[PDB]
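Q: what's the 3D shape of this:
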Amino acid sequence: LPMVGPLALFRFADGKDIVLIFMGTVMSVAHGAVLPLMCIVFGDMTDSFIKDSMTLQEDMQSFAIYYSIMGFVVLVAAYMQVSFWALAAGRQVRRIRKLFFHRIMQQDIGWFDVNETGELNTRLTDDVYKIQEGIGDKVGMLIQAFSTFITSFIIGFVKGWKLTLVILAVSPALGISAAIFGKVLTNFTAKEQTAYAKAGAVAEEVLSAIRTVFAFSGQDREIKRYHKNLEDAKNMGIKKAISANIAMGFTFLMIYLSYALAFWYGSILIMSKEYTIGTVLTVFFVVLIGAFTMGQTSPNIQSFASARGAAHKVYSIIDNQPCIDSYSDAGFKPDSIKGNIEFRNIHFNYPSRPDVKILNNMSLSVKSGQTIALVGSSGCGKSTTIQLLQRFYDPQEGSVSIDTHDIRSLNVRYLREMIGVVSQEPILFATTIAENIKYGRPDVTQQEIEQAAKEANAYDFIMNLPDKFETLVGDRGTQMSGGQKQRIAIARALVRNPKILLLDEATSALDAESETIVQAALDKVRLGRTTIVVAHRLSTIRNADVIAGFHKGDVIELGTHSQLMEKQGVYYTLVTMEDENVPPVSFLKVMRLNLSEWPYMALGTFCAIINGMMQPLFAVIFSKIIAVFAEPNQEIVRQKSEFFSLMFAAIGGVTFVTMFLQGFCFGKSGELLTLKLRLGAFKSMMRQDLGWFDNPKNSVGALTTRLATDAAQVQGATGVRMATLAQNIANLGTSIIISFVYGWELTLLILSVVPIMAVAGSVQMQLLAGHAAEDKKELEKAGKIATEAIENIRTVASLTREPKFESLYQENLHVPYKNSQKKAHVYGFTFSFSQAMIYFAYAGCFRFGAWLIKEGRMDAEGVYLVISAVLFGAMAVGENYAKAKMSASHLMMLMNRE
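A: Numbering: from 1, shown residues only. Now the structure:
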């Protein structure tokens, strides 16, 4: 699909907005240079320690100040990046909303008839949200990662002649792996799609015709068939999960082989001494971080793509100006008008379906003070004419004369303002009685307001108003009645006393008293007013002096009703005719569901425990690698580096195998759990009486969606969640035990920086400060009001209130816009704080390790062990539970129910 270029994306930024974008860009570039630069100083510090492992205090102090200044500079840079980018996003979104609404209210009615209102609402809400999210932080981080990738390569150019090409020559192997896995992945996805297709097929057939299931009473063959289909789905899904786990393990193994090969090549350089160990470690770490950053940029790339598509559609709307602009500033705008209106040979076709000539030969004339009506069959060109007279549609053929001046020459605002129109079923606007009447005119006082209200005979129901006109209309007009609705409508039409009235079926769909009151209001209005009433009620039509029959957008008869009856025209025919309960279920019971699978659970738990243990082993081997690098001992060090490279390969292999077994075991266990729970659900359901399935919560689509979604969710979570708990607990226990054995002071230092980082980490990104709920709710409310305005577009036009509804739209946007700025500020604060915490932690941990070294209770190798191991444990902890708990509670309630 067409998608606009990035140059077009920021086409709504004004001068100060350009400065904002530029400042954000430069700050993001600084941040993305820091990241690789952070790794640079990290490797430099690593080398300095390696040599120091065998000049200490001053060196450590210098390193510490460098880290601290790096932390401060990244704090400032990131905070400013987020703040400026978010503020630019907010200004851009506000301007986008304003101009979008301006064009929408500018576009003619045919534009709406092309684009259904629901689609416009979805656009204005979701696409605006997408563009906001894209520009705000996603673009900033995108630029930042671009810069980091570029800087990693420049730094590899500084001294990496061999390592750069070696890691790039890993790229064909890495891509070979990623694609050889992907080719099997596509085939497996198709296979499992077939499997779930059969499973959902049996599900849909049994549920949709579950009444037939009871009728035929033959649940034997159907239950057995369900079991068969589920068994096949198990046979397939077990393999799918096994394959996915092998893919993950193979990715890990490729990573580890790259590690070991790079290390062996570095050892070769040290043998030749071409590259100092420090330089090799620096370049390797930096290239690795650059590669991982580039890889993990993908979600942001998708975010930008979505933003670009949304922006393309939005700007397509914006630049699609109408054939006529309501806000035009050209025309006669006569100071007066007699009022007569004449139409000739009107010819219009909707832009959506411009293939049938709906409108043809509507020669008609209305004289001031003359009562001429229009009657015909449904969709006989009635409303199209009324739309035209407001210049909703340009007559391709014909003429539209208003007292020697056509609608073409006259301005639109002026014309609409002095013209009144009432639809077949007009709808009040979502505002109190006061404002609903104020739309009459802006220059209106209370006394005349009540005068005009009573002018419509509405008096009867105002003495009962709790607050008179201040009385609230009520949601959706629930506290409202059709006759009273027409009363407010006609009153708001008359308040400004438009010269001419087009009452398009504004009498029907009412009760006897309601019809009487509207008829009385109309008769009072007909005093000295030029009227065109296309209505269905016989009283008004007969009261009308001249009536014109109609059919299929064609003139047939006109004059007194007697001629219509004599010809029996169309007039004669018209005359003759879920989440509440969610009881917390004991995890013991949920786990106990795997009764027979006890061996499977145990074997999988062993696999997960070993897997979790490995990572600390990675930390230890890394630490000892550094250690051996410390002592020159060239022969011993080269041999031991080879040894620990082979150990890296061994770790890759053990990770691969443990992933293989864990995936297989947990997949089988969870899939058997899925089978058992599905069979139990079927049995419980068929126990349930017919009425049980008539509840709206028990619709066929909803129930089958529950079945499939919840089964998959519990299968994944129940197996994955316990395994993950075990793995993480192993990581934490071993890391903490290692730290405590090494030293219980730096231990506590690490174990305190960790929690403060995590608490101030991902949770704060979307949870703390209590902005989320209010901001989302207010945005939803403003969008709802805008959506209502769009829906009632015809009435909004007849009112000529588009500017004022835009004004109210922006007014109610103001507060959520301020909340947007507030949330952006706090988001920036937490993000920068999180980023800087890492550097400050590095500095403090390393400094305290140095202090302990001065006391001798620890060694630098232990320092590296502790820091690296704890960091890797933090990363591992990253890898739903509530969804699984709720689903399991649902299933248990459904089964155990008698």
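
Q: From here on, just use CA atoms for contacts and neighbour counts.
A: Noted.

Q: And the strands in this protein?
A: In the chain, strands defined by DSSP state E lie at 341-347, 364-366, 372-375, 397-402, 419-422, 500-504, 530-534, 546-550, 555-559, listed in chain order.

Q: closest one to residue 316 among these?
A: Closest approach to residue 316 among the strands of the chain (C-alpha to C-alpha): strand 341-347, 27.9 Å.

Q: I'd like the strands of the chain as a markdown table, with mean neighbour count appended.
A: Shown next, in a markdown table, are those (neighbours: other C-alpha atoms under 10 Å):
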| stretch | mean neighbour count |
| --- | --- |
| strand 341-347 | 19 |
| strand 364-366 | 16 |
| strand 372-375 | 24 |
| strand 397-402 | 18 |
| strand 419-422 | 25 |
| strand 500-504 | 22 |
| strand 530-534 | 25 |
| strand 546-550 | 22 |
| strand 555-559 | 17 |
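
Q: Any chance of CSV for the ones you listed, columns distance to residue 84?
A: Formatted as CSV, those follow (distance: least, C-alpha to C-alpha, whole Å):
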stretch, distance to residue 84
strand 341-347, 53
strand 364-366, 61
strand 372-375, 60
strand 397-402, 54
strand 419-422, 48
strand 500-504, 52
strand 530-534, 57
strand 546-550, 63
strand 555-559, 64
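
Q: closest to residue 863 out of those?
A: Here strand 419-422 is closest among these (C-alpha to C-alpha), at 81.4 Å.

Q: wait, isn't residue 608 in contact with residue 727?
A: Yes: between residue 608 and residue 727 there is a contact at 5.6 Å, judged by C-alpha atoms under 8 Å.

Q: give me the number of residues near the closest residue to residue 868 other than its chain neighbours?
A: Closest residue to residue 868 apart from its sequence neighbours, by C-alpha to C-alpha, 6 or more residues apart in numbering: residue 619 at 6.0 Å. Residue 619: 22 surrounding residues under other C-alpha atoms under 10 Å.

Q: isn't residue 619 right next to residue 863, touching?
A: No: applying C-alpha under 8 Å as the test, residue 619 and residue 863 come out as separate, 11.1 Å apart.

Q: can you map out the helices along the stretch 701-850 of the chain?
A: In the stretch 701-850 of the chain, the helices defined using DSSP state H, counting those that start in this stretch lie at 744-759, 762-766, 772-791, 793-799, 802-855.

Q: Any chance of those in JSON lines with distance to residue 70 as columns?
A: Converted to JSON lines, the helices of the stretch 701-850 of the chain look like this (distance: least, C-alpha to C-alpha, whole Å):
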{"stretch": "helix 744-759", "distance to residue 70": "17"}
{"stretch": "helix 762-766", "distance to residue 70": "22"}
{"stretch": "helix 772-791", "distance to residue 70": "32"}
{"stretch": "helix 793-799", "distance to residue 70": "56"}
{"stretch": "helix 802-855", "distance to residue 70": "7"}
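
Q: tell me the most buried of those?
A: Ranked by mean neighbour count under mean count of other C-alpha atoms under 10 Å, the helices of the stretch 701-850 of the chain are led by helix 793-799, which reaches a mean of 20.

Q: List the buried residues of stretch 297-306.
A: Across stretch 297-306, burial judged by 16 or more other C-alpha atoms under 10 Å covers 297, 300, 301, 303, 304, 305, 306.

Q: same question but for stretch 370-387, I mixed them up
A: Going by neighbour count (16+ other C-alpha under 10 Å), the buried part of stretch 370-387 is 370-377, 380-387.

Q: quick check, nearest of those to residue 55?
A: Relative to residue 55, the closest of the buried residues of stretch 370-387 is residue 387; by C-alpha to C-alpha it sits at 87.6 Å.

Q: Spatially, which residue comes closest to the closest one, not counting chain neighbours?
A: residue 393 (6.5 Å).

Q: per-domain residue ranges of the chain.
A: 169-263+600-742+881-898, 341-576 (automatic domain parsing).

Q: got TSV for the ones you listed, with distance to residue 128 too?
A: Compiled in TSV, the domains of the chain are given as follows (distance: least, C-alpha to C-alpha, whole Å):
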stretch	distance to residue 128
domain 169-263+600-742+881-898	29
domain 341-576	23
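
Q: Nearest to residue 822, out of the ones you listed?
A: domain 341-576 (28.9 Å).

Q: ends of that closest one, how far apart?
A: Domain 341-576 has an end-to-end distance of 31 Å (C-alpha to C-alpha, to the nearest Å).

Q: Looking at the domains of the chain, spot the one closest to residue 44.
A: Across the domains of the chain, closest to residue 44 is domain 169-263+600-742+881-898 (C-alpha to C-alpha), at 13.0 Å.

Q: right, so of the helices of the stretch 701-850 of the chain, which gets closest to residue 73?
A: Nearest to residue 73 among the helices of the stretch 701-850 of the chain is helix 802-855; the distance by C-alpha to C-alpha comes to 8.7 Å.

Q: Can you spell out which helices and strands pack onto that closest one?
A: Judged by 3 or more C-alpha pairs under 8 Å, 6 or more residues apart in numbering; DSSP states H and E, the packing partners of helix 802-855 are helix 57-106, helix 744-759, helix 762-766, helix 772-791, helix 860-876.

Q: Give the other helices and strands that the first one contacts.
A: Counting contacts by 3+ C-alpha pairs under 8 Å, 6+ apart, helix 57-106 packs against helix 15-53, helix 128-133, helix 139-158, helix 298-319, helix 802-855.

Q: now with 6 Å?
A: Contact here means 3 or more C-alpha pairs under 6 Å, 6 or more residues apart in numbering; DSSP states H and E; on that basis helix 57-106 packs against helix 15-53, helix 802-855.

Q: Can you add distance to residue 112 and give those back as CSV?
A: Shown next, in CSV, are the helices and strands packed on helix 57-106 (distance: least, C-alpha to C-alpha, whole Å):
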stretch, distance to residue 112
helix 15-53, 32
helix 802-855, 15
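
Q: Figure out which of those is closest to residue 612.
A: Comparing those against residue 612 with C-alpha to C-alpha, the closest turns out to be helix 802-855 (23.5 Å).

Q: Could you check the angle that closest one makes with helix 772-791?
A: Angle of helix 802-855 versus helix 772-791, following axes from the mean of the first three to the mean of the last three C-alpha atoms, to 10 degrees, is 160 degrees.

Q: Helix 802-855 to helix 860-876, inter-axis angle?
A: Using the same axes, to 10 degrees: helix 802-855 against helix 860-876 is 150 degrees.

Q: Quick check: residue 440 vs residue 476, distance?
A: Distance from residue 440 to residue 476, by C-alpha to C-alpha: 21 Å.

Q: Looking only at neighbour counts, state which of these two leads.
A: residue 440 (23 against 12).

Q: Name the nearest residue to the more buried one, ignoring sequence neighbours.
A: Nearest non-adjacent residue to residue 440, counting by C-alpha to C-alpha, 6+ apart: residue 492, 5.2 Å away.

Q: Residue 659: what's it in contact with?
A: By C-alpha atoms under 6 Å, 6 or more residues apart in numbering, residue 659 lies in contact with 245, 249.

Q: again, only using 8 Å
A: 245, 246, 248, 249, 607, 611 (C-alpha atoms under 8 Å, 6 or more residues apart in numbering).

Q: Now residue 256: closest residue in space, sequence neighbours ignored.
A: residue 652 (5.5 Å).

Q: Likewise for residue 796?
A: Leaving aside its sequence neighbours, residue 796 sits nearest to residue 802 (C-alpha to C-alpha, 6+ apart; 6.3 Å).

Q: I appreciate the help and will end here.
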